[PDB]
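The file model_37.cif comes next; it holds mmCIF, C-alpha atoms.
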```
data_coords
#
loop_
_atom_site.group_PDB
_atom_site.id
_atom_site.type_symbol
_atom_site.label_atom_id
_atom_site.label_comp_id
_atom_site.auth_asym_id
_atom_site.auth_seq_id
_atom_site.Cartn_x
_atom_site.Cartn_y
_atom_site.Cartn_z
ATOM 1 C CA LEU W 394 -34.215 13.163 39.387
ATOM 2 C CA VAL W 395 -33.438 16.748 40.351
ATOM 3 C CA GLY W 396 -33.919 16.299 44.076
ATOM 4 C CA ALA W 397 -34.568 18.439 47.120
ATOM 5 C CA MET W 398 -32.627 18.329 50.376
ATOM 6 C CA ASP W 399 -33.506 19.477 53.862
ATOM 7 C CA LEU W 400 -30.973 20.571 56.439
ATOM 8 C CA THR W 401 -31.515 22.188 59.814
ATOM 9 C CA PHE W 402 -28.848 24.258 61.514
ATOM 10 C CA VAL W 403 -27.912 25.035 65.128
ATOM 11 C CA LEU W 404 -26.172 28.287 66.099
ATOM 12 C CA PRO W 405 -25.526 29.646 69.608
ATOM 13 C CA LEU W 406 -25.982 33.334 70.363
ATOM 14 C CA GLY W 407 -25.090 34.175 73.916
ATOM 15 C CA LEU W 408 -22.986 31.409 75.392
ATOM 16 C CA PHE W 409 -19.980 31.912 77.652
ATOM 17 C CA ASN W 410 -16.777 29.933 77.456
ATOM 18 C CA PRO W 411 -15.893 27.247 79.999
ATOM 19 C CA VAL W 412 -13.616 28.704 82.666
ATOM 20 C CA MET W 413 -10.604 26.534 81.894
ATOM 21 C CA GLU W 414 -10.837 27.344 78.162
ATOM 22 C CA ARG W 415 -10.423 31.092 77.746
ATOM 23 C CA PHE W 416 -7.207 32.845 76.713
ATOM 24 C CA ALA W 417 -5.568 34.580 73.776
ATOM 25 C CA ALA W 418 -2.874 32.532 72.064
ATOM 26 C CA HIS W 419 0.534 33.837 70.887
ATOM 27 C CA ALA W 420 0.080 36.520 73.411
ATOM 28 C CA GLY W 421 -2.344 39.477 73.309
ATOM 29 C CA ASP W 422 -3.005 40.030 69.624
ATOM 30 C CA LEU W 423 -6.337 41.773 69.014
ATOM 31 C CA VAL W 424 -5.399 44.870 70.995
ATOM 32 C CA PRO W 425 -7.049 48.276 70.456
ATOM 33 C CA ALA W 426 -5.488 51.699 70.726
ATOM 34 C CA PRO W 427 -4.057 52.325 74.219
ATOM 35 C CA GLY W 428 -6.368 53.926 76.734
ATOM 36 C CA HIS W 429 -9.361 52.183 75.137
ATOM 37 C CA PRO W 430 -10.807 49.129 76.921
ATOM 38 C CA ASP W 431 -11.145 45.744 75.261
ATOM 39 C CA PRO W 432 -14.497 45.122 73.565
ATOM 40 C CA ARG W 433 -13.373 41.496 73.371
ATOM 41 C CA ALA W 434 -13.476 40.916 77.119
ATOM 42 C CA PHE W 435 -17.174 41.760 77.490
ATOM 43 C CA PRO W 436 -19.658 38.860 77.226
ATOM 44 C CA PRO W 437 -20.717 38.499 73.596
ATOM 45 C CA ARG W 438 -24.155 39.467 72.355
ATOM 46 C CA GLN W 439 -23.683 39.057 68.606
ATOM 47 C CA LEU W 440 -23.008 36.569 65.842
ATOM 48 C CA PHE W 441 -21.934 36.771 62.218
ATOM 49 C CA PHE W 442 -22.842 34.398 59.407
ATOM 50 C CA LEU Z 394 -11.865 -13.774 58.631
ATOM 51 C CA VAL Z 395 -13.086 -10.468 60.101
ATOM 52 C CA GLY Z 396 -11.554 -10.698 63.569
ATOM 53 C CA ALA Z 397 -11.069 -8.461 66.571
ATOM 54 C CA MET Z 398 -8.160 -6.745 68.286
ATOM 55 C CA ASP Z 399 -8.061 -5.897 71.957
ATOM 56 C CA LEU Z 400 -6.082 -2.958 73.271
ATOM 57 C CA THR Z 401 -5.767 -1.739 76.840
ATOM 58 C CA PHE Z 402 -4.986 1.910 77.454
ATOM 59 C CA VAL Z 403 -3.165 3.937 80.117
ATOM 60 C CA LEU Z 404 -4.019 7.600 80.758
ATOM 61 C CA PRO Z 405 -2.763 9.659 83.715
ATOM 62 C CA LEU Z 406 -4.920 12.034 85.716
ATOM 63 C CA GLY Z 407 -3.128 13.568 88.626
ATOM 64 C CA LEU Z 408 0.474 13.823 87.514
ATOM 65 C CA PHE Z 409 2.591 16.921 87.992
ATOM 66 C CA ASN Z 410 5.547 17.722 85.763
ATOM 67 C CA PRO Z 411 8.976 17.546 87.437
ATOM 68 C CA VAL Z 412 11.144 20.449 88.555
ATOM 69 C CA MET Z 413 12.768 20.671 85.132
ATOM 70 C CA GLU Z 414 10.110 19.670 82.606
ATOM 71 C CA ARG Z 415 7.649 22.507 83.315
ATOM 72 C CA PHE Z 416 8.032 25.720 81.278
ATOM 73 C CA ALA Z 417 6.275 27.745 78.598
ATOM 74 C CA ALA Z 418 7.424 27.946 74.988
ATOM 75 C CA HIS Z 419 7.905 30.956 72.665
ATOM 76 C CA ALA Z 420 7.321 32.937 75.694
ATOM 77 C CA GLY Z 421 4.017 33.482 77.518
ATOM 78 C CA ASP Z 422 1.411 32.486 74.961
ATOM 79 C CA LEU Z 423 -1.777 31.264 76.583
ATOM 80 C CA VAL Z 424 -2.387 34.256 78.838
ATOM 81 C CA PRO Z 425 -5.838 35.200 80.174
ATOM 82 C CA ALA Z 426 -7.207 38.751 80.399
ATOM 83 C CA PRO Z 427 -5.124 41.207 82.459
ATOM 84 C CA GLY Z 428 -6.380 41.181 86.030
ATOM 85 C CA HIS Z 429 -7.079 37.437 86.160
ATOM 86 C CA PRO Z 430 -4.891 34.605 87.496
ATOM 87 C CA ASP Z 431 -3.734 31.810 85.227
ATOM 88 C CA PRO Z 432 -5.963 28.730 84.990
ATOM 89 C CA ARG Z 433 -2.855 27.044 83.557
ATOM 90 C CA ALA Z 434 -0.777 27.385 86.731
ATOM 91 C CA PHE Z 435 -3.118 25.225 88.795
ATOM 92 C CA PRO Z 436 -2.351 21.497 89.128
ATOM 93 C CA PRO Z 437 -4.342 19.516 86.561
ATOM 94 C CA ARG Z 438 -7.320 17.476 87.712
ATOM 95 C CA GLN Z 439 -8.823 16.630 84.310
ATOM 96 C CA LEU Z 440 -8.249 14.968 80.974
ATOM 97 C CA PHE Z 441 -9.752 15.299 77.506
ATOM 98 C CA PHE Z 442 -10.288 12.429 75.093
ATOM 99 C CA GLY L 1326 -1.483 -10.961 76.548
ATOM 100 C CA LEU L 1327 2.140 -11.411 75.425
ATOM 101 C CA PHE L 1328 4.026 -8.240 76.247
ATOM 102 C CA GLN L 1329 2.209 -7.071 79.412
ATOM 103 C CA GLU L 1330 2.066 -3.507 78.172
ATOM 104 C CA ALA L 1331 -0.837 -1.121 77.704
ATOM 105 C CA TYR L 1332 -0.612 1.476 74.972
ATOM 106 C CA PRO L 1333 -1.147 5.202 75.601
ATOM 107 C CA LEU L 1334 -3.621 7.374 73.701
ATOM 108 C CA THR L 1335 -3.515 10.876 72.292
ATOM 109 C CA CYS L 1336 -4.558 12.861 75.341
ATOM 110 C CA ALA L 1337 -3.822 16.111 77.149
ATOM 111 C CA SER L 1338 -4.954 17.777 80.348
ATOM 112 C CA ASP L 1339 -6.124 21.106 78.904
ATOM 113 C CA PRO L 1340 -8.082 21.227 75.631
ATOM 114 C CA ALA L 1341 -6.261 24.262 74.235
ATOM 115 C CA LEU L 1342 -2.968 22.459 74.742
ATOM 116 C CA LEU L 1343 -4.578 19.391 73.132
ATOM 117 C CA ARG L 1344 -5.436 20.942 69.771
ATOM 118 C CA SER L 1345 -1.859 20.906 68.476
ATOM 119 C CA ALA L 1346 -2.235 17.124 68.075
ATOM 120 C CA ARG L 1347 -4.759 17.192 65.219
ATOM 121 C CA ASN L 1348 -2.341 19.385 63.263
ATOM 122 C CA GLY L 1349 0.062 16.429 63.355
ATOM 123 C CA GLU L 1350 2.825 14.825 65.389
ATOM 124 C CA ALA L 1351 5.381 17.481 64.418
ATOM 125 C CA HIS L 1352 3.594 20.619 65.620
ATOM 126 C CA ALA L 1353 2.311 18.998 68.816
ATOM 127 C CA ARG L 1354 3.071 20.800 72.073
ATOM 128 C CA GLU L 1355 4.570 18.330 74.529
ATOM 129 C CA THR L 1356 4.572 20.497 77.653
ATOM 130 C CA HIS L 1357 3.228 23.947 78.422
ATOM 131 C CA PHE L 1358 2.987 24.902 82.034
ATOM 132 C CA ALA L 1359 2.102 22.521 84.907
ATOM 133 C CA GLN L 1360 -0.202 20.884 82.293
ATOM 134 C CA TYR L 1361 1.081 18.262 79.855
ATOM 135 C CA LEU L 1362 0.260 16.215 76.758
ATOM 136 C CA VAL L 1363 0.548 12.536 75.861
ATOM 137 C CA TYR L 1364 0.732 11.591 72.173
ATOM 138 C CA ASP L 1365 0.028 7.938 71.470
ATOM 139 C CA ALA L 1366 2.334 5.032 70.707
ATOM 140 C CA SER L 1367 -0.564 2.749 69.775
ATOM 141 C CA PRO L 1368 -0.476 0.820 66.468
ATOM 142 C CA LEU L 1369 -3.642 2.695 65.471
ATOM 143 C CA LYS L 1370 -1.434 5.830 65.124
ATOM 144 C CA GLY L 1371 -1.492 6.570 61.401
ATOM 145 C CA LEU L 1372 -5.026 5.327 60.816
ATOM 146 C CA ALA L 1373 -8.018 7.386 59.769
ATOM 147 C CA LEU L 1374 -9.463 6.601 63.201
#
```

What's the structure tokens form of this structure?
Amino acid sequence: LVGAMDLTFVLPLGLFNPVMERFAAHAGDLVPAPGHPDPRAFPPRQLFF
Amino acid sequence: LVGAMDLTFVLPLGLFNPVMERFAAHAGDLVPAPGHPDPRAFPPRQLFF
Amino acid sequence: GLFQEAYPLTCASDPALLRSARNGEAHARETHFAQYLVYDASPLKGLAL
């Protein structure tokens, strides 16, 4: 009666956002120290679980 | 006894807001990366269901 | 067949502007820039669907 499930998962690594959907709400929030460029604006190469 | 409703639906595609009704709220929120024009300021040609 | 009306749906023209609807009717953004939103008046309003 103690059973066993299976589940398979789908995760995207290196996608890019659709052109009409990219922004930063409630204006620019995740801002580094001045004089340092945004690491956010580069195309992503990572994930976190 | 299990019946069926019908409903007909109206959805607009190419409307533009009037002279007065267009604005932004709590000022400029949805702003793209600096050095890029707004995708929001173009006239809309889409919908999303 | 009686009223000769056709009910609107929950719909917007940009998806980022759309996502204030699923929070509820109160926190929905009616209009941000030349885009717009339409929240429904259908009798299926408060349903699970």

Edge lengths and centre in Å, axis-aligned, segment 394-411 of chain W plus 4 Å each side, as JSON:
```
{"center_x": -25.2, "center_y": 23.7, "center_z": 59.7, "size_x": 26.7, "size_y": 29.0, "size_z": 48.6}
```

Which residues would end up in the selection if the PyMOL selection byres ((chain L and resi 1328-1338) around 10) were applied here, given that I need the answer as an MDAnalysis selection string? (chainID Z and resid 400:408 436:442) or (chainID L and resid 1326:1327 1339:1344 1346:1347 1354:1356 1359:1370)

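Residues selected in this file by the PyMOL selection byres ((chain W) within 12 of (chain L)) comprise residues 411, 412, 413, 414, 415, 416, 417 and 418 of chain W.
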
The PyMOL selection byres ((chain Z) within 10 of (chain W)) - which residues does that actually catch in the file I just gave you? List them as a PyMOL selection string. chain Z and resi 418-427+431-433

What would chain W look like once superposed on chain Z, with the fit done by least squares over all C-alpha atoms paired in order? Give it as a compact mmCIF listing (two decimals) with C-alpha atoms, in the coordinates of the input.
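Saved to out09.txt:
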```txt
# COMPACT_ATOMS: atom_id res chain seq x y z
CA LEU W 394 -11.64 -14.10 58.72
CA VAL W 395 -13.21 -10.93 60.07
CA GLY W 396 -11.20 -10.78 63.27
CA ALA W 397 -11.41 -9.14 66.66
CA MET W 398 -8.65 -7.15 68.35
CA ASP W 399 -8.06 -6.25 71.97
CA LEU W 400 -6.19 -3.18 73.12
CA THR W 401 -5.82 -1.75 76.60
CA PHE W 402 -5.01 1.89 77.21
CA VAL W 403 -3.19 3.85 79.93
CA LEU W 404 -4.04 7.48 80.71
CA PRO W 405 -2.82 9.60 83.64
CA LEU W 406 -5.19 11.94 85.45
CA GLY W 407 -3.46 13.89 88.16
CA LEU W 408 0.27 13.81 87.60
CA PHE W 409 2.62 16.75 88.10
CA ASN W 410 5.49 17.63 85.82
CA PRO W 411 9.11 16.98 86.77
CA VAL W 412 10.65 20.13 88.22
CA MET W 413 13.26 20.62 85.51
CA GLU W 414 10.63 20.21 82.76
CA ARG W 415 8.04 22.95 83.18
CA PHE W 416 7.92 26.19 81.18
CA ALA W 417 6.01 27.89 78.39
CA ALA W 418 7.88 28.04 75.09
CA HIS W 419 8.09 31.07 72.76
CA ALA W 420 7.33 33.11 75.77
CA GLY W 421 4.02 33.38 77.67
CA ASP W 422 1.38 32.50 75.10
CA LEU W 423 -1.81 31.21 76.72
CA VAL W 424 -2.44 34.38 78.70
CA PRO W 425 -5.89 35.41 79.96
CA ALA W 426 -7.32 38.89 80.30
CA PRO W 427 -5.21 41.06 82.63
CA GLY W 428 -6.16 41.05 86.28
CA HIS W 429 -7.30 37.42 86.01
CA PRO W 430 -4.99 34.72 87.40
CA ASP W 431 -3.70 31.83 85.32
CA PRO W 432 -5.85 28.69 85.43
CA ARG W 433 -2.89 26.99 83.76
CA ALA W 434 -0.58 27.32 86.76
CA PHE W 435 -2.83 25.36 89.13
CA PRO W 436 -2.22 21.59 89.40
CA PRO W 437 -4.40 19.83 86.84
CA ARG W 438 -7.45 17.80 87.79
CA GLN W 439 -8.89 17.06 84.35
CA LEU W 440 -8.28 15.26 81.08
CA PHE W 441 -9.77 15.38 77.60
CA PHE W 442 -10.07 12.54 75.11
```

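Of note, atom CA of residue 409 of chain Z and atom CA of residue 1357 of chain L are spaced 11.9 Å apart.
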
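Atom to atom, atom CA of residue 435 of chain W and atom CA of residue 410 of chain W stand 11.8 Å apart.
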
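Atom pair atom CA of residue 430 of chain Z / atom CA of residue 1352 of chain L: separated by 27.3 Å.
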